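Visitor: sequence isn't available, so here's the structure alone:
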Ligand SMILES: Cc1ccncc1NC(=O)Cc1cccc(C(F)(F)F)c1
Ligand SMILES: Cc1ccncc1NC(=O)Cc1cccc(C(F)(F)F)c1
């Protein structure tokens, strides 16, 4: 028993982290096979950032201008290309530590582990969620660009996020491993604000099931509700509308605990309307929305 | 900017995790050099657990009775010994992935990363704190015994915790890597309750500095206090008494933000007496005590 914001073990991702320098800019790169992936803003200067013409900037760059270093050894760049907002640096050596991997585009509400890196070296790992407004609430400083978000299915690492920028609101924006930004964000130092951030209802319900599984049952009540009634309350509190698809994913958790999904919804309804009254759930004084139903099943069953 | 409960990258520890079987019991082991460390309760049966005579039980065991497996390959046990509550299984092969390591006994209030494991395989990594009552609030299931807690200083892994048991209160108890339990706990399935759990005051103050560094400044006030006045309030709310040693460790955070330690104490005093009033600090509705002043400096400066 016990419930933690658990990240995936980061070893398979540490062996992929390299340092990429271009001009006076140094960020992180992802070395998979004979290719190094990194943010394309590596080719910019602090003046270029206001409105960079990445096509024109890349044209003034050669393979020898991109300095790639894995650990303390230099990699030989034999090709460079821009794919959306990432550069793909073809190196002459395949990464001997390349794991089984996939490049996947996650959905808002889905969670992932971030391996924060500086100068190609790992500093820490934390569990994150793609916000419904496509931002991430991470922990990143100057030099962290190139840090990746990932998930692990037994031996396969599914890369989903590459960190690119911090918005003036302190929140983080990035791309998938094909260089497409999540959300409306552009890699330009301009006025950018994310949409309204809603709470991932299905994740909060999944964490309510994790609480019951661990003994924290105080919030359970004698009531039920309907999807429509619950959703009227969810909208009032800027929660994601709950669908039958969400109910179905909560099926295993409902089966394990014997508490019907709509019954759990009624508990959530009362928690939203009445608050926690000074109590805590799983050591938290607010409703946690960064554990998907898959994360709860995984953590409560010990999937390695 | 941004602040997360960040764990150390776990790669150096994944390469040490093995599976140790003895009789019908399977738990995790730590392979460092030619030695495998694991909980000594691996030699017990479900009947022996009520009051095991570990000396007598170990005597009925030979080197060939301990099945050690790293990945999918078998290790040859050439020696076995009991050191306090751990078994040290000498194997004929040194771990080719052994990092630079130390065995350290941490203090209550200090934090560490846990790599939770099942059948010698890693499932996840989270950041933990040694509670003042010497328990840990982790996430462990049957098969997780042998999972280690650690800290990383550049290339050196300092092992501090080995997971042994869950108390009937759902909290976790374990030893250092010399087999000495933290706290009064014994590796016996008997009535065991931990002392009163107090809040690590210096860590809460360190996290208040992390909040100010990230823009969450609402809780800052026009007041100050003294160590004695603050401590009268800390005792009333079961907080650890703040000493001059704690003030000194908060020196770098005080210097960075320009907010005197006693000034921050006065904010904490008002937060304890008046509550959060429905607001949040670093996305939390309660006072976080699982980040030491070292963790805050490390995360806010990007130490790899
Ligand atoms: C300083 C920091 C902190 C956290 N995460 C990331 C960062 N770094 C940045 O944002 C770097 C940056 C600066 C201006 C413009 C861009 C660009 F995407 F090209 F538009 C990127
Ligand atoms: C089931 C579980 C969950 C979380 N963490 C740990 C566990 N497992 C245990 O506690 C195993 C255990 C059982 C009874 C007695 C002991 C002993 F330490 F020898 F005394 C240990």
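Guide: Perfect, I can see it now. Numbering: from 1, shown residues only, chains lettered A, B, ... in the order given. Ligands and ions are numbered 1, 2, ... in the order given.
Visitor: mind checking how far residue A:95 is from ligand 2?
Guide: With distances taken as Cβ to the nearest ligand atom, to the nearest Å, residue A:95 is found 37 Å from ligand 2. No exception for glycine: its C-beta is placed from N, CA and C like everyone else's.
Visitor: surely that residue meets residue A:30?
Guide: No - at 9.3 Å, residue A:95 does not count as touching residue A:30 under the criterion of Cβ atoms under 8 Å.
Visitor: neighbour-wise, which of these two wins?
Guide: Between residue A:95 and residue A:30, counting by other Cβ atoms under 10 Å in any protein chain shown, residue A:30 is the more crowded of the two (25 against 19).
Visitor: stretch A:123-133: how far from the chain's middle?
Guide: Centroid separation for stretch A:123-133 versus its chain: 4 Å, with Cα atoms, centre = their mean, to the nearest Å.
Visitor: now do the contacts for the residue of the stretch 51-200 of chain A found nearest ligand 2.
Guide: Residue of the stretch 51-200 of chain A nearest ligand 2, by Cβ to the nearest ligand atom: residue A:127 (20.0 Å). Contacts here follow Cβ atoms under 8 Å, 6 or more residues apart in numbering or on different chains; on that basis residue A:127 touches A:5, A:6, A:7, A:111, A:112, A:113, A:114, A:290.
Visitor: close enough to count as contact, the second one and residue B:139?
Guide: Yes - because the distance of 6.3 Å satisfies Cβ under 8 Å, residue A:6 is recorded as touching residue B:139.
Visitor: got any residues that touch both of those two?
Guide: Overlap of the contact sets of residue A:6 and residue B:139 (by Cβ under 8 Å, 6+ apart) consists of A:299, B:116, B:124, B:126.
Visitor: of those residues, which belong to helices?
Guide: residue A:299 (DSSP state H).
Visitor: CSV for the shared contacts of residue A:6 and residue B:139, including neighbour count?
Guide: Formatted as CSV, those follow (neighbours: other Cβ atoms under 10 Å in any protein chain shown):
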residue, neighbour count
A:299, 23
B:116, 27
B:124, 28
B:126, 23
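Visitor: between the shared contacts of residue A:6 and residue B:139, which is nearest ligand 1?
Guide: residue B:126 (22.8 Å).
Visitor: wait, the closest one touches residue A:3, no?
Guide: No - between residue B:126 and residue A:3 there is no contact under Cβ under 8 Å: 9.9 Å.
Visitor: what touches both of the two?
Guide: residue B:139.
Visitor: what residues are bridge-paired with residue A:38?
Guide: residue A:87 (DSSP bridges).
Visitor: enumerate every residue touching the residue in chain A positioned nearest to ligand 2.
Guide: Residue of chain A nearest ligand 2, by Cβ to the nearest ligand atom: residue A:1 (6.3 Å). When contacts are counted by Cβ under 8 Å, 6+ apart, residue A:1 is found next to A:213, A:214, A:215, B:140, B:141, B:166, B:170.
Visitor: which residue packs closest to the last one, ignoring adjacent ones?
Guide: The spatially closest residue to residue B:170, leaving aside those adjacent along the chain, is residue A:1, at 4.6 Å (Cβ to Cβ, 6 or more residues apart in numbering or on different chains).
Visitor: where does the one you found sit relative to ligand 1, distance-wise?
Guide: 36 Å.
Visitor: show the buried residues in the contacts of residue A:127.
Guide: Buried subset of the contacts of residue A:127 (neighbour count, 16 or more other Cβ atoms under 10 Å in any protein chain shown): A:5, A:6, A:7, A:111, A:112, A:113, A:114, A:290.
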